[PDB]
Every structure is written in structure tokens, then in C-alpha cells.
There are 2 protein chains.
Amino acid sequence: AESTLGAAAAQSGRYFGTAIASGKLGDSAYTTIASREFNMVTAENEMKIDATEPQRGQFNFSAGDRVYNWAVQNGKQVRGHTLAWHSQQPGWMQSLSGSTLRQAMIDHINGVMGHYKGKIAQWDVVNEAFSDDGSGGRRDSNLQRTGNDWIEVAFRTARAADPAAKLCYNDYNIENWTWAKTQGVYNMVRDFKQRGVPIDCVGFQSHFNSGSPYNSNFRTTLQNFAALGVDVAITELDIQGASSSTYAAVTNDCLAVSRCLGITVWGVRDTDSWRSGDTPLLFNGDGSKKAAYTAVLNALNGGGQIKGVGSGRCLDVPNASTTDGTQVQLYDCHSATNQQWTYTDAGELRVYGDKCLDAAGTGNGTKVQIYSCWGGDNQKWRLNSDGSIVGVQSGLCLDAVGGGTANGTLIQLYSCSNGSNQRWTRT
Amino acid sequence: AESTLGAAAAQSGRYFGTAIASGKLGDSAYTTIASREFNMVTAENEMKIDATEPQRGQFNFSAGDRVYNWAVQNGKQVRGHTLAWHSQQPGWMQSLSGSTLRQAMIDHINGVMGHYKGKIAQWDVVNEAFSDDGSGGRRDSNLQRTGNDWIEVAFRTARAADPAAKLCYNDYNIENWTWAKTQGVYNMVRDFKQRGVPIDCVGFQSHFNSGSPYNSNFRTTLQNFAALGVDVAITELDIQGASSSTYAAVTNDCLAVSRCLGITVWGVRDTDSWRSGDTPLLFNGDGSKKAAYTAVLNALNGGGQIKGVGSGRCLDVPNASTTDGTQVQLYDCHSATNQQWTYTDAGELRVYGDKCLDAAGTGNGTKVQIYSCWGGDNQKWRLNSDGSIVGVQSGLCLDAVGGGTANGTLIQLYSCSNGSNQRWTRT
Ligand SMILES: OC[C@H]1O[C@@H](O)[C@H](O)[C@@H](O)[C@H]1O
Ligand SMILES: OC[C@H]1O[C@@H](O)[C@H](O)[C@@H](O)[C@H]1O
Ligand SMILES: OC[C@H]1O[C@@H](O)[C@H](O)[C@@H](O)[C@H]1O
Ligand SMILES: OC[C@H]1O[C@@H](O)[C@H](O)[C@@H](O)[C@H]1O
């Protein structure tokens with residue numbers, strides 16, 4: 001298909017997944033979206049070290065299995081996250097050092113992979129082993145202190161435990177090619193491939209924001225690692241502000257690299273995010289598709305004035321007034337400011353620069369007007385490929401009242417029927 | 001003075017107040033802002049009918065007195081809210097009707113006003129007595145069904161109980177002069193003045209949103225009522241989106257009417273608002289001043305390129321770049337799009353139409369750059385009258401690194417110091 005992210009990604013042999021929290025599976029609003037849109041799942045915390053081995057040698061897969069069962073019951077594949085990591089270690093392991101820690105690491109890998117043997121598509125075997133101090137060197141942790149070869153040992157151990165799973169190294173801030181961290185990871189992978197250390201993929205977490213923005217050279221970064229003979233994947237994607245352009249850009253970067261397996265966004269709704277304050281996901285708290293959602297779907301599927309097809313007239317602001325509450329209408333198209341609409345990354349349709357197409361309600365017949373831009377979901381719109389314009393908050397379509405076609409026809413919100421008075425083209 | 005809203009309003013003999021909730025008087029962040037910025041207080045709920053007379057004849061002023069005492073002790077006058085209303089009536093009063101209710105109303109008025117006798121500046125004697133159906137007639141309530149003269153009776157009763165207080169009629173959706181409800185209220189007040197009914201003021205709640213937007217004819221409404229011989233007051237002001245222009249417009253409308261006693265915003269921080277979702281107030285959840293705050297203060301105190309005062313150079317985006325993460329600099333001024341910034345009502349400094357001046361952090365030395373506009377507080381700024389530009393989230397000033405003045409001097413956030421490398425002039 002091409003109406004859901006997962007199905008659209010499958011059209012190019014890829015997947016589109018999300019992170020699932022077992023504690024939210026009882027929320028039908030959560031699961032409805034999750035089961036429908038994604039075909040790949042990562043347990044947000046259920047498969048971490050502290051959750052799977054609470055006490056040394058005593059494994060517990062109850063939380064992890066709830067996530068796994070849900071995934072398979074709903075036709076999704078699973079990424080295992082994560083086997084060796086300096087963070088979120090259970091108390092007993094934090095107390096270990098030297099050879100004792102090294103063996104415990106090995107035992108943990110064998111224990112967790114044995115339970116899920118043959119059931120996991122990808123495993124983040126080692127997570128975040130590199131430093132952020134700009135040296136491009138290893139992060140200092142109890143694991144690194146057991147010996148520089150700890151990462152290699154983790155991978156060799158993993159391959160023996162379950163040779164059916166793809167083994168990935170996973171990290172953040174390794175997307176921009178110019179960073180020392182990115183290059184430090186590249187050299188490690190190169191070394192591993194030349195010495196025969198088993199590693200099949202590199203996961204780029206892809207947590208983008210103002211302090212660590214997406215950069216177009218990310219595509220060369222992906223190509224460079226791919227050239228080493230490993231697959232690559234975007235594993236924990238989220239973008240501060242959820243810019244439609246940036247979300248579409250990241251998607252196209254993966255689509256340009258044959259070795260890019262797929263994309264996983266780190267969560268379902270903004271409110272489920274570990275960084276909810278940054279509204280970095282594709283669905284808002286209400287479970288509504290955001291503007292970025294449409295941008296991603298359109299990219300996966302291959303992808304001024306606004307005139308209605310059924311009337312041939314343009315979206316117009318009466319008498320070119322700038323008064324809040326002025327309802328918009330259809331009118332003879334002519335290059336005039338009151339007919340110039342700018343679609344922003346946030347999904348707004350701006351006029352006069354600071355006025356926004358505004359929905360004064362969420363029900364059928366709601367008046368569509370202009371109002372000072374402030375960022376509300378009632379000022380957010382999704383421009384579907386079928387030519388329809390849907391309001392993020394209401395889920396309703398821009399509709400020319402009564403199918404009218406003459407000048408003065410008013411614009412409202414109405415159930416989407418894909419009628420001709422609901423289709424628009426940008427010129 | 002002129003550094004706080006209350007003091008700035010007092011310069012013209014007016015006041016600037018807020019609604020206080022007794023439940024928050026324990027929050028030091030709440031009280032710090034409230035005691036400092038306002039010189040007028042309205043109890044948000046504590047003086048309502050259900051709060052002051054839980055059981056017929058049994059009066060309770062515990063919560064009301066708590067708000068009143070805090071107000072007076074901190075130098076603020078108080079508006080009483082409210083004596084007669086169809087909403088929030090206690091259980092027992094909802095059952096009454098006919099003369100029984102009329103008497104209950106009278107007793108309540110005498111009871112409440114007797115307790116606060118001579119301590120209240122203004123009383124909202126009657127609240128929201130008109131309909132929103134569009135007819136411009138009385139609202140059908142248990143009070144109205146006791147006799148069309150109940151309002152008159154309430155005002156006559158109130159005057160006798162405490163002749164020192166100004167008696168106001170309070171309502172919403174009566175700001176736009178062309179509305180039928182506005183006309184209904186007007187006709188009533190005009191009638192009351194002719195027949196000697198004691199009414200001293202008319203309160204305009206001023207709850208503006210895209211459903212009932214601010215209109216410039218609000219000033220005309222205020223002047224028309226003032227012409228009848230009554231004072232006017234903006235009693236529960238909040239604006240969906242908190243547009244800087246609209247907040248300034250409302251403030252100026254009051255300053256342009258000699259009988260406009262003052263303005264009361266319905267709450268302190270957005271998180272304290274009954275409509276927090278609309279972020280309609282002057283301070284955000286963090287308690288920091290919003291862009292609209294500065295606009296209001298500037299209005300009360302009387303009343304493109306961004307050029308650095310100390311350097312004579314302009315805020316410039318290097319090579320007219322549009323990539324996120326690009327740090328801005330100082331450069332010889334010249335009419336180019338990468339030097340034209342638009343200050344939006346939301347408080348953003350936009351360039352290229354959809355890129356925002358962005359702070360990648362909150363501490364000193366934080367890099368100031370451009371990033372996709374998404375509405376974060378790190379993309380909001382306050383243009384102070386002194387020439388400084390302060391980040392809303394950080395409370396820090398735009399600063400030309402090391403006081404540099406040559407082309408290429410980078411911009412950062414830094415503790416405000418009133419230095420020339422921190423003062424700007426819009427051209
Ligand atoms: O319908 C009134 C008309 O007023 C004109 O000034 C404007 O250019 C037209 O686009 C239309 O708005
Ligand atoms: O009432 C408004 C509606 O009227 C219908 O006749 C029309 O087909 C819809 O698209 C919408 O315009
Ligand atoms: O120093 C870089 C300069 O590059 C120029 O192309 C631009 O017009 C200047 O405003 C400045 O950005
Ligand atoms: O190092 C940064 C600081 O350098 C100072 O010389 C300057 O006065 C400050 O405003 C700030 O720029």
C-alpha cells in the first residue's frame with residue numbers, strides 16, 4: 001500500500017518502525033496508531049541489561065516478551081536493544097570491573113540472545129561506546145576498562161549465540177561526516193571488517209536538534225559506511241520541532257543508499273517521547289498526524305497560490321484585509337498578496353507573512369479564516385498528494401461550501417469526501 | 001516607575017492586575033511575579049457564590065479573606081467577583097425559584113458585601129446575564145425567571161450595602177460593537193442611567209481567541225459606554241496565542257479612553273490559566289516574560305535590518321546560507337535578504353520567511369544561529385526599549401562576542417550588561 005508509513009517503506013524493500021513501551025500497550029489510542037503505521041519494533045527499555053538480568057545469572061524476559069508478542073501478533077519484525085552498554089546497568093553489574101565484568105558481559109549476551117534466538121532481525125550489540133569530547137576516542141566506562149577489545153568480544157560472542165541476526169553497532173552524533181566521533185566509528189568498523197570481526201550493520205540514532213542539527217552530508221556518511229560492506233539504519237530518529245523538510249530529507253537520504261535497511265522513529269506520539277518538550281515525532285499528543293507525517297509518507301511514496309480544481313478559483317482573503325476573524329473565500333486568481341500562501345515546515349499556511357489560515361473549531365461547517373500565527377494545531381495543515389488539505393487538529397478537509405464555484409464562495413471544514421471542492425493545486 | 005506593569009499603568013492613573021488563586025499562594029515562583037508586577041487583584045474563585053455561601057445563611061470567607069489579605073498586604077486593590085451569577089451557584093440555590101430565590105440573592109449580596117464593606121474597589125455585582133444566541137436578550141436562568149428586574153434589584157441592593165464600592169456589570173463577547181449581545185448590554189446600561197439605577201462601571205472580560213477575535217472597534221465600544229457616564233474596565237483579559245500586537249492594541253485602547261480604569265489579565269503564568277492550551281498570558285510556565293509582556297510594558301510607558309549600536313554593522317547570515325545550524329554574525333549593512341529580519345507576533349526573529357534566530361542552549365557563550373521555526377522558547381525574543389534583545393527561554397542578551405566590531409564577529413547569548421555590543425537598532 002501507500003497510505004501507511006510501513007507499507008510505503010515496503011515499496012522500496014525497507015521498513016519504518018517505532019519504539020514501543022510495554023506500559024502503554026493497554027492504551028488503545030497508542031496501539032491503534034502503532035499497529036497500523038509501523039512494520040518494525042524496538043522495545044524502548046524492556047530489552048536493556050537491567051530489565052533482562054536483574055540479578056547476576058537470573059534472567060527475566062517478562063517485559064521484553066510482552067513487547068515481542070505484541071510485535072509478532074501484529075505482523076512486525078523486532079530490533080533487539082541493547083546487549084552491552086555503559087548506561088542503565090543493573091546495580092550488581094555496576095559493581096563489577098576487570099575480568100569479572102568481562103565474563104558477566106559475555107554471559108549476559110549469551111543469556112538474552114539464547115532466549116530470542118532466531119526471533120530478532122537486528123541486535124544493537126554494543127551501544128554508545130565512543131566519547132563526545134571531540135577526540136574521536138573510546139568513552140571511559142567500566143566496560144572499556146576491561147580492555148579495548150571488549151567491543152570485538154561482544155560481537156564475536158553475539159554471532160555464536162545467534163548467527164541468524166544482523167549485528168549492529170549503535171551510536172549518536174555520528175551522522176555528520178566531519179565530526180571526530182563519526183570518523184572514530186568509521187575506522188573501528190573498517191578495522192573490524194579487515195580482521196574478520198563479525199559486524200553486519202551500523203545504527204545511526206539520529207537524534208537531531210539545535211545543538212546537533214541534521215546536515216546534508218549525512219548521505220555521504222551513510223555511503224561511506226555502506227562502502228565498508230555493512231548495512232546501515234536510522235535507529236532512534238526524532239527531530240526537535242519536527243520540521244517537514246528535515247524529516248523528508250532524512251528519509252530521502254536512506255532511500256538514496258541501497259544498503260539503508262529502514263528507519264525507526266523513537267516513539268509514537270510527541271507525548272510518548274523522551275523529549276516531549278521538543279515535539280519531535282510524527283503524531284501529536286492527540287494521536288493526529290502532523291505535517292511532517294505527510295512529508296515522510298510522500299517521500300517514501302517517491303515524491304504561491306492555492307486554487308480549487310472544482311472551481312478553478314484561488315483561496316482568497318476578502319478585500320485583502322488583515323483583520324483576525326476574516327473568513328477566506330474563492331476568487332478569480334490574480335497575483336496579489338491576499339492570494340499568496342506560504343506553507344511552512346511547521347505546516348502552516350501563511351499570508352501577509354504573519355497571519356495564518358485558522359480553523360475556529362473542529363466540527364463540520366467550521367469557519368476557515370485568518371488569525372495571528374501562534375502555533376496551534378488548528379493553524380496546522382497537511383497537504384495530501386491527492387490534492388486535499390487536511391487540518392491537523394480536526395482531521396477535516398478544506399471545503400468550498402455547497403460545492404460553490406463562483407467568487408465569494410466561503411471555505412469551511414467538512415468531512416473529507418475527496419470531492420472536487422476539496423481538491424486544490426499549488427501554482 | 002516603569003519597569004513593572006502595575007507601576008507603568010499607575011503613571012497614567014490606571015492599574016494592571018491579575019486573577020489570584022489562593023491555592024497557589026504557597027508557590028514562591030507564583031507570588032514573586034504576582035506581588036511584583038500587579039497592583040490590582042481579583043479572586044479567581046474564592047469570592048463566588050458557592051465559595052462564600054456553601055449553605056444558605058452560612059457564610060464562609062476563609063478563602064476569600066486569604067486572597068484579600070495577601071492583596072492588601074502586598075499593595076494591591078481588589079475587585080470583588082462575583083455577587084449574582086447563573087453559574088457556579090451552590091446546590092441549595094439551584095433548587096430555589098420565585099420570590100424565594102430573589103430573597104436569597106438579596107441576602108447573599110448583603111452578606112458578602114457586608115463582610116468586605118468598604119474594602120473592595122470594584123464589585124462585579126451581576127455577571128454574564130446576556131445570551132450568546134444572537135438575539136441580544138437576557139439569558140434564561142433561574143435568576144432571570146424570577147423577574148426581568150433582578151439585575152436592577154441587585155445593583156440597588158449592592159449600592160445600599162456598600163456605597164463606597166464601584167458597582168460593575170461584567171460580561172464576555174461584548175467587546176465587538178457590531179455584536180447583538182454588545183448592543184443588548186449597551187441598551188440596558190443606557191436605560192439604567194436614565195432611570196437612576198446605580199451602576200458605576202461595565203466590565204469587559206475580553207476573552208479573545210480565533211472564535212471571538214479582538215477587533216479594533218473595541219475602542220469604539222469602550223468610548224460609547226464611557227460616553228454614558230460609566231467607567232469601563234478590562235476584567236479577564238487573555239488572548240489565544242498571546243500575540244504581541246493584539247496585547248499592545250488592547251492596552252492602547254484603554255489608554256485612549258479616560259474612563260478606562262485599568263486592565264486585569266486572567267492569570268499569572270500560562271500554566272495557571274483556565275485555558276493553558278492557548279498560552280494566552282504574559283508569562284510562560286517557567287515564569288519568564290513572554291514577547292507580549294514587553295509589548296504591553298512598552299505600550300504603558302508611552303506609545304527590516306538589525307544594526308548593532310557599538311559596531312554599526314548588521315545581523316547577518318553568512319553567505320546568505322539557509323542550512324540549519326549556521327551561526328549568525330555582524331557584517332556591513334546592505335539590502336540583502338540574509339539581513340532582513342521579521343519580528344513576529346509570537347516573538348520570533350525570522351529570516352528567509354521560515355528560518356528562526358535560534359539559541360542552541362541557555363548558558364553564557366551559547367551559539368546563536370538559524371534553525372527551522374517550530375515555536376520553541378529558544379526561538380522567542382524580547383526587544384526591550386533600551387535596545388537589548390533578550391532570549392525568552394534563557395533570559396540572556398544577544399551579544400557580539402568579545403565586543404568585536406569587524407565583519408565576521410559571531411553572535412552569542414551572554415549575561416546582559418547594557419554594553420554597546422548588546423544594543424541594537426531596527427532599521
Ligand atoms: O472580494 C473582494 C476582492 O477585493 C479585492 O481588493 C481583492 O484584490 C480581491 O482578491 C477580492 O478579495
Ligand atoms: O454544506 C457543505 C457541504 O455541502 C455539500 O453539498 C458538498 O458536497 C460538500 O463538499 C460541502 O460543501
Ligand atoms: O561574510 C559573508 C558574506 O557573504 C555575502 O555573500 C553576503 O552578501 C554578506 O551579507 C555576508 O553574508
Ligand atoms: O567573552 C564574551 C564576553 O566578552 C566581553 O569582552 C564582552 O564585553 C561580553 O559582552 C562578552 O562578549
Side-chain angles (χ1 to χ4, degrees), chain A residues 176 208-217 239-247 249 277-280 285-286 290-292 322-326 340 342-348 350 352-361 366-380 393, chain B residues 176 208-217 239-247 249 277-280 285-286 290-292 322-326 342-348 350 352-362 366-380 393:
Chain A
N176 188 317
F208 300 120
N209 57 45
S210 280
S212 182
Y214 160 81
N215 188 294
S216 57
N217 71 29
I239 303 170
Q240 175 185 59
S243 160
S244 291
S245 290
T246 313
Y247 251 111
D278 296 321
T279 61
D286 298 310
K290 302 163 64 172
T322 60
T323 304
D324 292 325
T326 302
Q340 293 293 69
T342 295
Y343 191 52
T344 66
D345 273 325
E348 313 161 302
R350 295 183 169 234
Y352 307 131
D354 208 17
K355 291 298 178 180
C356 276
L357 187 60
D358 180 289
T366 287
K367 169 187 172 185
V368 177
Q369 49 183 45
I370 64 171
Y371 185 80
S372 302
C373 299
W374 64 280
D377 286 323
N378 59 309
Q379 307 199 315
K380 263 59 179 300
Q393 186 185 70
Chain B
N176 191 310
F208 301 120
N209 52 44
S210 75
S212 183
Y214 162 82
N215 188 288
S216 65
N217 69 27
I239 307 171
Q240 180 184 57
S243 162
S244 294
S245 292
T246 308
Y247 253 113
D278 297 314
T279 62
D286 298 313
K290 295 165 68 174
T322 58
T323 71
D324 285 352
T326 303
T342 296
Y343 191 45
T344 67
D345 277 326
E348 313 153 303
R350 299 192 171 217
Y352 308 134
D354 202 25
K355 290 299 178 180
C356 275
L357 191 59
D358 180 293
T362 56
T366 287
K367 165 185 178 182
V368 175
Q369 46 180 35
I370 57 168
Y371 186 83
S372 303
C373 298
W374 61 279
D377 281 337
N378 58 308
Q379 304 191 318
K380 302 293 180 57
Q393 183 186 68

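Just so it is clear: chains get the letters A, B, ... in the order the sequence lines come, proteins before strands, and each one is counted from 1. Worth knowing before you read on, the calculation uses all heavy atoms, side chains too, and leaves out hydrogens, waters and symmetry mates.
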May I have the step-by-step check of side chain to side chain contact (heavy atoms under 4.5 Å, CB included) for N215(B) and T323(A), ending in yes or no?
CA-CA 7 Å; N215(B) 188 288; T323(A) 304; 4.1 Å; yes

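Residues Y371(A) and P213(B) come closest through the heavy atom pair CE1-CB, 4.1 Å. Residues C373(B) and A346(A) approach most closely at O-CB, 4.2 Å, considering heavy atoms.
Using a 4.5 Å cut-off between heavy atoms, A242(A) does not touch chain B at all. Contact annotation for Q240(A): both backbone and side-chain heavy atoms come within less than 4.5 Å of a heavy atom of chain B. Of the two parts of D358(A), only the side chain, counted from C-beta on, holds a non-hydrogen atom closer than 4.5 Å to a non-hydrogen atom of chain B. Residue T246(B) touches chain A through its side chain alone, counting heavy-atom pairs closer than 4.5 Å. Neither the backbone nor the side chain of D377(B) has a heavy atom closer than 4.5 Å to any heavy atom of chain A.
Ranked by heavy-atom pairs under 4.5 Å with chain B, the first of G353(A), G361(A), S372(A), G376(A) is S372(A). Of the listed residues (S245(A), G241(A), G347(A)), the one with the most heavy-atom contacts under 4.5 Å to chain B is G241(A). The candidate with the highest count of non-hydrogen atom pairs below 4.5 Å against chain B, out of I370(A), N378(A), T344(A), is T344(A). The candidate with the highest count of non-hydrogen atom pairs below 4.5 Å against chain A, out of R350(B), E348(B), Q379(B), is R350(B). When each of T342(B), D278(B), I239(B) is checked for heavy-atom pairs under 4.5 Å with chain A, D278(B) comes out on top. Contact tally against chain A (heavy-atom pairs below 4.5 Å) for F208(B), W374(B), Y214(B): the top residue is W374(B).
A donor-acceptor pair under 3.5 Å links the side-chain atoms of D354(A) to the main chain of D345(B), judged by distance alone.
With sequence neighbours excluded, the residues satisfying side chain to side chain donor-acceptor pair (under 3.5 Å) with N176(A) are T178(A), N217(A).
In this structure, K367(A) NZ and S210(B) OG are separated by 9.0 Å, a value rounded to the nearest 0.5 Å. Between atom OG of residue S216(B) and atom CG of residue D324(A) there is a gap of 10.5 Å, rounded to the nearest 0.5 Å.
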